[PDB]
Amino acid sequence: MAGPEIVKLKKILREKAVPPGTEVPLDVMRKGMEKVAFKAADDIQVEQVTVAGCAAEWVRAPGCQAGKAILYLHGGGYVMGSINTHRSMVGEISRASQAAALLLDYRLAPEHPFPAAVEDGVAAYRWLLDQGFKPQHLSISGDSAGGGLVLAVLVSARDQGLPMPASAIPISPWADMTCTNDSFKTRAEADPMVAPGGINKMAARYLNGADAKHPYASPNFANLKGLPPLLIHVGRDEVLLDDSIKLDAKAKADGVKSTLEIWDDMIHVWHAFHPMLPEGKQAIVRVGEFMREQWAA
């Protein structure tokens, strides 16, 4: 059944990984993601902007429609990640969708704990709408921590009277901080990426004493009535599989139009590895078709 690339990518991930008791300090972790981050295609142009007091970059592939925009929330556990780490994958999401991405460098824990990143998001989305972007022309997308953050923004912004955008594509969402799901054991051998209580210590760092079940911290527990069509990518072989099944069933319970795709043999944000993974390339293609189907409706 399994691609030759994912087998090789799996084997490499496993080769270069730290061995878990290992407490890698925060900024050793941060410096690593930065240094190994893939370089965007050079047909991606970028334009640095400041949004809600945060650094951002409009990320435009070739072929964008003006009027359409992605608000993008990067992964990294709420503790790490940046515009630089994520520009590759996003520019290809910008390509696939033919929409420019706003790629926020929202406030990271522990220097800025929860709900700091939710505020940046909400405020970023308000900012988009104030640049004259109609909700119908907007989309929110993100990976790992950033895929839960997507939902935590949509919930927050709804409670605040903000119109919903046309779509929401969480990628491998981390939508439950209390990290409890069957998958933390069942999928744990097969995940070369999420370990942990590497993830446990991230929650620690982001919550900083807050209720792990706080709807904006963990949107798997939020009321989701009214959020717009969801496309949710997860991989089979990930510790976060349950996050995505629980959230799909919660969306549906709440009245949401929700499509969960579980992609067999795949890892965490397998997207991010499109330069070397036919599936990352395929799944990015599909994020954008769906931001595009939601835009035609």
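Residue indices: 1-based, along the sequence shown.
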Of the other PDB entries compared that resolve residues on either side of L151, does at least a third omit it?
-> no
Specify whether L128 falls into a modelling gap in a third or more of the other PDB entries of this protein.
-> no
When the C-alpha temperature factors are averaged for each of 205-213 and 139-147, which stretch ends up with the higher value in the entry?
-> 205-213
Would you tell me which stretch averages the higher CA B-factor in the PDB entry, 18-26 or 5-13?
-> 18-26
Checking the entry, which one of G235, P228, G67, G53 has the top C-alpha B factor?
-> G67
Criterion, highest CA B-factor; candidates, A195, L162, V79, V155 = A195
Which third of the chain does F184 land in by C-alpha B-factor: lowest, middle or highest?
-> highest
With respect to C-alpha B-factor, does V59 fall in the lowest, middle or highest third of the chain as deposited?
-> lowest
Among the chain's modelled residues, which third holds the C-alpha B-factor of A99?
-> highest
Once the chain's modelled residues are ordered by C-alpha B factor and cut into thirds, is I245 in the lowest, middle or highest one?
-> middle
Lowest, middle or highest third of the chain for the C-alpha temperature factor of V285?
-> middle
